[PDB]
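A single chain comes next, written as structure tokens; it is the form solved without the ligand.
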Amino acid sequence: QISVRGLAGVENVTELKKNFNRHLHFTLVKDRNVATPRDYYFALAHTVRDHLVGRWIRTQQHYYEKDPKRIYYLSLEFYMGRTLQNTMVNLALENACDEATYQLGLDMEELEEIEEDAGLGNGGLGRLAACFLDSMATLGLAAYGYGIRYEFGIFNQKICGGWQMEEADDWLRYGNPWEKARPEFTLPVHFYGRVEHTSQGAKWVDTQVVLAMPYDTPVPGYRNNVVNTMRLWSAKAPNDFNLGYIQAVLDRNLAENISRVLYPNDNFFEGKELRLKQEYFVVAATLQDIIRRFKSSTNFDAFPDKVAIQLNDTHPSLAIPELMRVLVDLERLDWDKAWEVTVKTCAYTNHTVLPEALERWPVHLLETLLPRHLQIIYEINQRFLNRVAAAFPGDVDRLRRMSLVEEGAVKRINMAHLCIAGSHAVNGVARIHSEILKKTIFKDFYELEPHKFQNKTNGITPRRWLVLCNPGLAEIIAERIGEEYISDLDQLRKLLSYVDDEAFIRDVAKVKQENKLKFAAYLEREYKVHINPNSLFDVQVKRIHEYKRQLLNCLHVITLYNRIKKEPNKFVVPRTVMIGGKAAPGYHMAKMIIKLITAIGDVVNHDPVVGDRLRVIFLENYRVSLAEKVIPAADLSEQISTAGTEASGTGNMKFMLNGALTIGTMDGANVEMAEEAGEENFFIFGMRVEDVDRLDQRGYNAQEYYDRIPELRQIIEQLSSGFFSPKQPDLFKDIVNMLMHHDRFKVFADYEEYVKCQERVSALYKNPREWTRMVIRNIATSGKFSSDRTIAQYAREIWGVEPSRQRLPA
């Protein structure tokens, strides 16, 4: 069909068809008379999987022979989403499979919609790990993703009566064809117990044991025949566990609950014991695997030369004291040598500045669960503070500020301080974020060891976020500059010479229109809701959180509605405002925000005077597969977090690559995006970080804005009087109260600027040709945001390895 989807050769199509029938028969044990679409999906999945296996085995054999430095990416989240199409794309099998299934009388797109998303993540942090795995494989790095195989990933969101309802994400129900259980590599993990100081060294004894069973999933690089591994651990009790008889067998669930479910919090720390167990479980099993592989390649001096451990935030921070425990207690190395090895091996990536998101574990928890690790942490703190004391003599406050141990109500361990002390590199995820780290929260550490602090701006993989979800756009681009950009996104800059090309301008706009029509159809298919494909698609999709300010978006929507009602027969650019995202189960304000959105839609979408000029839809169950559908159809990307709160953001990059213009604050990566495309091609508004600080020093008083802005006052009064909740007049009292008295995110402060800049957006949309030309300038300069660039920087500046675009024999 289309070029970038590969060749549909005669021999391969014939081969695919026969293997498809083979699997349907021998693997699924069915015939064409009783097979359902799901059976067909699995037959295709197994057929494609077969093509991975040869490459997977020789890739790993290759690494064994050449023995390069290995990269271990530890994360408690891997937001992978579907795997079928991604595998076909990276293996250049899309057109062949499309043809083969066509000839079998099946629609491949229909079958792809059957696969369940692998939702082992909450949002940005988890998706970043997924994009990174793709880029590491595409760049030929010997990398391994290590995490937990949650039985239940992020919950499926249902909207009932305008409220969010959560239901278990039983994603393994029908089986997972992509994973390979490896029970032969099961390892033991220890919990509780006591420390016993003998003659030679300490010993951790009387522990409870939980087995870690690994499951391997292949990670194919883009058409380079490289297939890396993502290994996820599953908790299993030992057979002598708790061994009345029946009850002992039933209580095995206690131990296996460790890998049962993903904590659904985005940028929020919940200090629960079960979570601490998950964190140590991944770290303990992973490190034994690392050391095992290392020994099978005695003198750990070369350990840092053959191993790199990247901590995705502080979730796997226990790797630092666990590595020390193993080297000191088990391998018998002296502390100083063990510490040298640990520091040179570990690197830490920070993903936030919000105080409530930082991990601070109560000492009493670590004391009971990991007694030996708490002793090691105290020792580390002792030696670190001695260093601080020697560098800043007499500065006693610095000592208490930098301590890994925080005093107070309950003593806690600051895991971020632990990570900085035990890593040779610490990085932020966007230029502005990394600078904030050095200027504020980690200022003392930067002054002690400036060389440790770096920046590695985030990115997204152009395979899943362009070729896979937007083939039409990838095609018109390839037609004019070739296919090389798919693994070298900087080449999109060549599109700049087509900004005045009438043909290209028309094609770009046509692809967008087709995407909007397709999405507009999808909305009626699976959700039954009519929308106007000619309107401007204004979308904000991301987790629901006060700092992301979906509330500011709501204020604008209500403003537009009030203006229409004020002058009904005045022309306004038609808009379809789409807002989607999940709220953490226990985050009350976030759940109220969702109710507000649907409540607004209930009024706006049924007002005869508005017509098809304004629609407000809440996108249900936003997840990776839904993102792949709505982002390609968007015109406006909403990235409006309060300056200084969104560390980077990645959804912003996805929209830029897919042809949407961006309205946002100078926050996170938005700053670098505007810098790359030129501020005149971005819709920037609001306070900058410096303005927010000025406001805080002075004291934020929402009342001031309410008194000076009539339109804003009207909105607040509508919310307060029950205009959007007739039956429950005070339903939104909490929202109004927060907005008026304790809004940590200054929604009102950016209201005027936001509405004004939204007017400029509507003005440009009225001129199709100029809107598209600006779009072209955005797509053309989005190259820097490829995760291939990000990973190459990690490789060269942190891991000490060189990326390679060399193909392996297939």
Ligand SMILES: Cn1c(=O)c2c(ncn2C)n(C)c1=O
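Only residues modelled in both forms are compared. For every residue, the number given is its place in the sequence shown, counted from 1. Think of the rigid core as the biggest set of C-alphas that the two forms share within 1.5 Å after superposition.
One more form of this protein exists, namely the form solved in complex with the ligand; it is left out here, but the text below deals with it.
Chemist: Please identify the residue among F723, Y446, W204, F268 with any heavy atom within 4.5 Å of the ligand in the entry with it bound.
Modeler: Result of the distance check: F268.
Chemist: If the cut-off is 4.5 angstroms on heavy atoms, which of these, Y587, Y706, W339, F504, is the one near the ligand in the entry with it bound?
Modeler: Result of the distance check: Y587.
Chemist: With a cut-off of 4.5 Å between heavy atoms, is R549 one of the residues that contacts the ligand in the entry with it bound?
Modeler: No, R549 sits far enough from the ligand in the entry with it bound that none of its heavy atoms falls within 4.5 Å.
Chemist: Would you please decide whether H545 lies within 4.5 angstroms of the ligand in the entry with it bound, comparing each non-hydrogen atom pair?
Modeler: Yes, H545 is a contact residue.
Chemist: In the entry with it bound, which of 707-715, 597-605, 527-535, 258-266 comes within 4.5 Å of the ligand (heavy atoms)?
Modeler: Looking at the partner contacts, the answer comes out as 258-266.
Chemist: Please check if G800 moves between the shown form and the other one, taking a CA shift of 2 Å or more relative to the superposed core as movement.
Modeler: It does not reach a 2 Å shift.
Chemist: If the CA atoms of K18 and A8 move by 3 Å or more in the entry with it bound, do they move toward each other or away, so closer or farther than here?
Modeler: Closer is correct, given that in the entry with it bound the C-alpha spacing of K18 to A8 is reduced by at least 3 Å.
Chemist: Knowing the shift is 3 Å or more, I'd like to know if the C-alpha atoms of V219 and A8 are closer or farther apart in the entry with it bound than in the shown chain.
Modeler: Pair moves closer in the entry with it bound.
Chemist: With a 2 Å cutoff on C-alpha displacement after fitting the rigid core, which stretches of 3 or more consecutive residues move between the shown form and the other one?
Modeler: The segment that shifts (3 or more residues, C-alpha shift of 2 Å or more) is 1-11 alone.
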